[PDB]
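Alright, here's a single protein chain in two forms, structure 1 and structure 2, each given by itself as structure tokens.
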Structure 1
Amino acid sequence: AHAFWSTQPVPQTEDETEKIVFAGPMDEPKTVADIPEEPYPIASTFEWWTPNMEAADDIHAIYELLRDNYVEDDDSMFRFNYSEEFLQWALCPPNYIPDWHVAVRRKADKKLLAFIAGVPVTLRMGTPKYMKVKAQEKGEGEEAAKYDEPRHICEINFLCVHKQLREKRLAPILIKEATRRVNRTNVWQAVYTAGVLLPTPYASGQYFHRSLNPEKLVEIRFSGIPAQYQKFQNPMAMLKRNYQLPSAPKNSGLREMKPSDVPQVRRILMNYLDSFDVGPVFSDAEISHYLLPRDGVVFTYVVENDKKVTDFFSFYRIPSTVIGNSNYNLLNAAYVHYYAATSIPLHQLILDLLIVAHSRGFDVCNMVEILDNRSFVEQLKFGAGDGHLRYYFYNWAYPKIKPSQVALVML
């Protein structure tokens, strides 16, 4: 069924996943010295290339590969168009490993054919709360706690093979060579997501969308006018009124985050993320990197009460190419990132996110039902989208968990 995934250290079925009771590794313990020094063999007409993702011209070459060949919606109406600034941000967080960014190029002209990127993340990925309870009931607490400590692993994203090279088994070669380069740094697990089903997810969640510019969304067929609106004399007018938002934020003392906020945001975030079974641990440098505002890329606001940061939210921008509309070239989408509320209900905090995104010319706000994102779906008028984002580990057995126990946002 899966000539490649069947050879890999991942759970092979839902049945298998159903059995898993403790977190821990799948594969034989191995050492750096065991791993081949040399890149995985590849056809003599291709060559491996490590782009410098802080060099503009290399970022640009990756940017074009992804712009023309990366993930589309199911009807080939949209394709993600991550910006060059977004790729430098995503691919180069503090202590990133340049060798984990892996490309294939055609040796002749150096056309870029394929890419995959890994970045470091520190993740809590020990046995989940519901399984630790069962473990206590069986007198198996110590085995259940063995891998509780946050682990330094690889987060993989941006796997892409050129549309002309599809279904040539090139993706598995990219994945093998990435795994080699990560293992050569003594890292043995990875976390990744995909909108496709692969062997075998530890969590799965729906996507959600909140319309900000419904006339544009309907025009590009991101959204329809829903059938119930036909009872109205002017369905579109009622649709716009439905999604209208305040022109300015409602929380007094909302402002953009600044460098001086980094310690208080780290504290409130890290306290909040603790309540989830799987989640990242961020240093001050990482909070700085992932949350300080960056034009066109990431937008972060804090609620400041008595010179104190009590709440914050962030979102990032990924535009999508709209394929074949005469009025519009791009869908301007905001994605809910990390947040923490301590002084106000989460719906009141996120309503400000929608207000800001709307004021800044975003067409839609998107998220997956991780974190406590379900708590504000109804009141903030999010609707479920198509399909599901699935979360995976490489070389890590892990009991199935609800997406509301996941706190790792994936770009």
Structure 2
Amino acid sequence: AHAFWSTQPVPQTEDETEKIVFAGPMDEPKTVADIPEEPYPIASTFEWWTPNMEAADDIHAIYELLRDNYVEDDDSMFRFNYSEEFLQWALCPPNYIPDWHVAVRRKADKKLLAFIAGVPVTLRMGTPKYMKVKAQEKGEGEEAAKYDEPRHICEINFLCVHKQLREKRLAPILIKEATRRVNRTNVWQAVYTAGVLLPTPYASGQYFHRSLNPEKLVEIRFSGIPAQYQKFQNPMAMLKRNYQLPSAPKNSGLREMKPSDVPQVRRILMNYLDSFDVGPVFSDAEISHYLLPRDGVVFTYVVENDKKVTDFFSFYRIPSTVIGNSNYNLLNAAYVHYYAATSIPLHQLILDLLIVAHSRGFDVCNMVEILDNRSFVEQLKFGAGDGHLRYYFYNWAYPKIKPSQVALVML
């Protein structure tokens, strides 16, 4: 049972979700005027705090909270360690709403205890292609297309409650206060991802990873293995050889993205993302914010042929604290972000991703099987991890879709 999620406008079972045939809201239409003006009540020892995510000291406070208390893998080998610079980038895109960055502190000594953040995203979230075919057969095309226009909604991330305050029902209070602040802006849907199963995802995909620095990963994952390399020797030689990469990119035309590339990147990205059921719509300002390179945060390269951008790829950096080990405190991971190929096979493009990442000192490249990420898993030697990413809407009925129909990369 679900004392909190059972009270919310989300599909309550897989079975409920199996039945959904059209996109659209779950709740009663409401108006901003219906929504409480004052913050949701919390106990007298706590206070609401709106950190300024553009202010270095407030960023630092959130940073420490997440560093010590945010997402761990199932075996508690790793905990994300998002950088300060990354936090500022992720939480302050163009037209961001400072009121959507919500924290709780202890009133008496200002100890930071909890956080959640929303940012605006414009998303296509109309009825998916396969359900529209069904609707057309049945003479229900108009009902299936009602919510096809891109919608200005909230993307929620970075929900975190300090370890000392877990399982005290603080997360539901954070979620209700975030909901209220978003609703007060006349927004009624949100999109969110999690590695846990909650009621009820519209899509779910595995994580995949690709070793860039085998010597370091084997030190971390266990002692003297892994299983299928057991017999040789040398298993370490075999492993290094398996994951080895060119030291320079192969694609002539490859260079870092520059601001003048923004219009062309937007055009090729938007044409590609259009082929997916759920996916963002980015303005030029959003393309510039999410894709222009930023030291230690986001890395974006374009293939230019004849002064025209024909392909591009991006990845972003999330270090993880290595919780158990000693030789190594941190794992430097690259995550596949957006890309688009029009002149070369996607595997040839992503190979250059791997080369640049390796060249820049990343230990591993990680991704979810969204977009066309499955198309290069085998040849580029990605292996499935133990993680899954589950995609959810708040207040939006949505038919189940494959993760290959999802084009929103959540940081």
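For the two forms, the rigid core is made up of the largest set of C-alpha atoms that agree within 1.5 Å on superposition. Reference numbering: structure 1, starting with residue 1. Shifts are known only where both forms have a C-alpha.
The one residue among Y82, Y301, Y147, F222 whose Cα position changes by 2 Å or more between structure 1 and structure 2, with the core held fixed by superposition, is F222.
Taking the core as reference, the Cα of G387 moves 3.0 angstrom between structure 1 and structure 2. On the core-superposed pair, the CA position of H289 changes by 0.1 Å between structure 1 and structure 2. Comparison between structure 1 and structure 2 places the CA of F232 1.7 angstrom away from its other position, after core fitting. 222-228, 324-326 are the runs of at least 3 consecutive shared residues whose C-alphas each shift by 2 Å or more between structure 1 and structure 2 once the core is superposed.
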